[PDB]
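A quick write-up on the structure given underneath.
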Amino acid sequence: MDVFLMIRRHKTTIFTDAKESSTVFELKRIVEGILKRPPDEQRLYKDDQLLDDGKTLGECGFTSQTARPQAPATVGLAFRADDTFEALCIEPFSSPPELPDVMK
Amino acid sequence: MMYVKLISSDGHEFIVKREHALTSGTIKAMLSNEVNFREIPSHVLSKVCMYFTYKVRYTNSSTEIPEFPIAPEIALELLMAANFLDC
Amino acid sequence: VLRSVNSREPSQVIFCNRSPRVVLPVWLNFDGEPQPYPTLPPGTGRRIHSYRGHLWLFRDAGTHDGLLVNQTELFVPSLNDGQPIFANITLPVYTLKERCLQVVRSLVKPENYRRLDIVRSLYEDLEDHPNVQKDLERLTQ
Ligand SMILES: Cc1ncsc1-c1ccc(CNC(=O)[C@@H]2C[C@@H](O)CN2C(=O)CC(C)(C)C)cc1
């Protein structure tokens with residue numbers, strides 16, 4: 001089963017899909033091809049929770065119910081500067097304007 | 001070149017599969033590996049990217065298609081973006 | 001031109017609504033006039049009596065948005081080995097623009113399309129809402 005994801009760090013968002021049976025490490029390889037940082041310099045998160053490399057995406061809570069094309073699940077991403085990992089930190093998207101009176 | 005970068009008006013960088021982006025005639029033309037959108041904010045561009053995924057997944061599919069959701073608060077701007085990007 | 005054929009040969013059909021819309025079935029009569037039929041709630045089915053060569057299409061009952069039936073626009077009942085013909089009614093993959101137009105129309109009264117801060121061509125797109133006539137004067141073209 002395909003799961004549909006947004007991998008997010010700071011102001012970067014990667015839209016991609018993966019198999020529910022694929023691993024967290026395998027997702028880091030995907031990220032490596034795109035952002036050119038190796039898996040050992042990456043941490044992936046679900047919400048505040050650090051994910052283990054060997055776990056499947058399904059075991060980390062990414063399923064067809066929660067990770068749909070039109071509403072993908074978010075995976076947090078943090079890089080290691082050199083010695084230490086940065087704190088997980090996702091800039092929110094912009095706020096929509098107030099509903100015009102005619103729509104309210 | 002598997003991926004392209006779509007940059008919102010507020011600086012958010014959206015990385016999507018090139019073939020997903022190329023479904024917009026406008027984006028194809030702007031590429032022909034990064035595109036800046038001075039008028040499209042991130043809360044609209046994120047949804048645009050979700051639409052790509054939705055379209056590619058459900059086009060020419062015997063499965064039951066779910067509704068593509070749009071919150072009222074983004075509907076106007078998303079409409080303007082969809083008109084511009086032609087889709 | 002687009003009209004049911006008067007075959008008088010019965011054909012049983014299951015209208016199966018696999019969409020989240022309330023569905024309006026429309027039969028094209030022998031003169032090609034659209035006849036509305038009773039609506040189907042989301043996820044419901046009805047076994048109905050129709051005829052071979054009769055023409056149907058399916059709409060959102062509230063908005064007249066176009067729907068698909070077995071992946072196409074028109075459905076024609078065919079010969080039944082005893083069993084009914086399945087008519088699978090689904091949402092199309094709307095363009096993002098059409099989907100946005102749908103949502104804006106559901107929130108804004110037609111009087112006030114003109115008060116929206118948008119280019120003239122988008123007012124025209126809102127006002128030109130889905131309509132069986134235009135679709136028939138198109139399918140028949
Ligand atoms: C119960 C129901 N719900 C959604 S549609 C529906 C339904 C469907 C069919 C019928 C009875 N069948 C008819 O009216 C058929 C359908 C179409 O082929 C035209 N028709 C006719 O009998 C020809 C006619 C209308 C007598 C000239 C009654 C109700």
Side-chain angles (χ1 to χ4, degrees), chain A residues 70, chain B residues 54-55 58-59 61 63-70, chain C residues 2 4-80 82-95 98-108 110 126 128-132 135-136:
Chain A
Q70 70 281 8
Chain B
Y54 170 82
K55 175 168 180 201
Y58 288 115
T59 295
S61 188
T63 71
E64 180 174 332
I65 282 96
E67 194 84 64
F68 184 80
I70 304 172
Chain C
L2 225 48
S4 290
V5 174
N6 194 10
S7 70
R8 311 178 203 273
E9 281 184 287
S11 175
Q12 314 219 7
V13 176
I14 310 292
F15 290 168
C16 176
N17 184 11
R18 307 209 188 210
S19 84
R21 311 303 189 82
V22 179
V23 169
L24 175 72
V26 176
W27 175 59
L28 305 186
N29 81 6
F30 304 124
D31 304 328
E33 290 289 342
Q35 180 177 141
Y37 268 77
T39 56
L40 287 98
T44 67
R46 302 267 182 282
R47 187 161 197 269
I48 65 88
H49 290 75
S50 191
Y51 296 83
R52 296 176 74 189
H54 282 204
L55 265 61
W56 294 88
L57 58 80
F58 301 85
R59 294 275 135 166
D60 175 300
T63 63
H64 299 106
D65 292 330
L67 300 166
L68 299 177
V69 52
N70 298 338
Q71 313 283 151
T72 70
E73 210 161 320
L74 291 163
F75 173 74
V76 184
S78 50
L79 188 56
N80 294 126
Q83 43 179 326
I85 309 309
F86 219 66
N88 230 48
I89 303 149
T90 61
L91 281 178
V93 179
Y94 298 109
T95 65
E98 186 49 55
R99 182 69 191 121
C100 291
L101 289 167
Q102 288 173 16
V103 174
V104 175
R105 288 187 196 110
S106 73
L107 302 163
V108 181
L126 283 172
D128 185 19
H129 46 66
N131 153 259
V132 173
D135 293 340
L136 291 174

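Every number for a ligand or one of its atoms is a count from 1 in the order of the listing. Naming: A, B, ... by sequence-line order, numbering from 1 per chain.
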- Item | Protein heavy atom at shortest distance from atom 21 (C) of ligand 1 | C/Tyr51 CE1, 3.8 Å
- Message: Using modelled atom types and a 3.5 Å cut-off, is there a donor and acceptor pairing between side-chain atoms of C/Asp65 and backbone atoms of C/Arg99?
- Response: no
- Item | Minimum-distance protein heavy atom relative to atom 4 (C) of ligand 1 | C/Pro38 O, 3.0 Å
- Note on the structure: atom 24 (C) of ligand 1 has as its nearest protein heavy atom C/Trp27 CH2, 4.4 Å
- Message: Starting from atom 10 (C) of ligand 1, what is the nearest protein heavy atom, named by residue and atom, and what distance separates them?
- Response: C/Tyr37 CE2, 4.0 Å
- For atom 26 (C) of ligand 1, is the nearest protein heavy atom closer than 4.0 Å? no
- Decide whether an N or O pair under 3.5 Å exists between C/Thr39 and ligand 1. no
- Query: So, C/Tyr37 versus C/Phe15, ring centres under 6.0 angstrom or not?
  - Reply: no
- Query: Is the shortest N/O to N/O distance between C/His54 and ligand 1 below 3.5 Å?
  - Reply: yes
- Message: Would C/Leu67 and C/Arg21 count as a side-chain contact (heavy atoms from CB on, under 4.5 Å) here? Give the steps.
- Response: CA-CA 9 Å; C/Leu67 300 166; C/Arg21 311 303 189 82; 4.3 Å; yes
- Is C/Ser50 close to ligand 1, meaning an N/O of one under 3.5 Å from an N/O of the other? yes
- Query: Can you list the ligand 1 atoms lying under 4.0 Å from a non-hydrogen atom of C/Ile48?
  - Reply: 2 (C), 6 (C), 7 (C), 8 (C), 9 (C)
- Query: Under 4.0 Å from ligand 1, counting heavy atoms only, is it the side chain of C/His49, its backbone, both or neither?
  - Reply: backbone
- Item | Protein heavy-atom partner closest to atom 17 (C) of ligand 1 - residue, atom, separation in Å | C/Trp56 CZ2, 3.5 Å
- Message: Can a donor-acceptor pair be found, under 3.5 Å and without considering hydrogens, that links the side chain of C/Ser11 to the backbone of C/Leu79?
- Response: no
